[PDB]
Structures are given as structure tokens and as C-alpha cells.
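Derivation of every value follows stated rules applied to the coordinates shown; laboratory data play no part. Ideal geometry is used to build each Cβ from the backbone, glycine not excepted, and the neighbour counts take in all protein chains shown.
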Amino acid sequence: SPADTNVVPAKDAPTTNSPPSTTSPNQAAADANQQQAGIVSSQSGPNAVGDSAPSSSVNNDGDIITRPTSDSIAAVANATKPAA
């Protein structure tokens, strides 16, 4: 069968289906990945209560961020511009 043996994880595979949530990003991205995989939450018992997945709203440091890092670093750099 074509395109069947060479299945690899796609682009940004931990942080593809991560929804933009600021409440609990690791708790919500694990649930959005749980239903995108097709697994019903009633079929899984305690395996779906406490779990975490990499979200796009969390940096490499443990800090929940709204917009990305390059335009959060740019917020500090655009505010720190004295008149030349």
C-alpha cells in the first residue's frame, strides 16, 4: 500500500492540535489530542484524568504565553527605544 510504511510524525507533532487556551494549557492540549486521536473519553478511565501534552502557548521555560516568543521579545525591544 502506498504511503503506509513510511508514516512519520508530521510538522510540529507535539504542538499541532494544541488549542490557544490560557487557563490550563497542558491539561487542555492533552484533551484536544485525546479527541483528535479518536479515543472517546468514556472509554478511558483514570488514564484521561491527569495528563499533560506540549502546548504552543507554553515556552521552553515554564511560563504560559499568549503570543509567540519572537513578538514577546519584540515587545521589550520596541518599548526600549529612546529617541536617538
Inset, instruction - Please name whichever of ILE65, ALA79, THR22 sits farthest to the positive end of the charge dipole of the chain, dipole taken about the Cα centre and charges placed at Cβ: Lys and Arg +1, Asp and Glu -1. - result: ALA79
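Using only the Cα atoms, what convex hull volume per residue in Å³ does the range 44-84 have?
Details: hull volume 3.2 nm³, N = 41.
Convex hull volume per residue, Cα atoms: 78 Å³.
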Inset, instruction - Would you look at the GNM of the chain, springs on alpha carbons closer than 10 Å, and say which of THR66, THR15, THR23 moves the most? - result: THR23
Inset, instruction - Give, in whole angstrom and from largest to smallest, the semi-axes √(5λ) of the equivalent ellipsoid of the chain, with λ running over the eigenvalues of the Cα gyration tensor. - result: 34, 19, 8
Legend entry - Angle between the chain longest axis and helix 25-36 axis [Cα atoms, degrees, rounded to 10]: 40
Inset, instruction - Go through 31-42, 49-60 and give me the packing order, highest mean Cβ count within 10 Å leading. - result: 49-60, 31-42
Legend entry - Value of relative contact order over the range 11-71, rounded to a whole percent, pairs C-alpha under 8 Å and six or more apart: 38
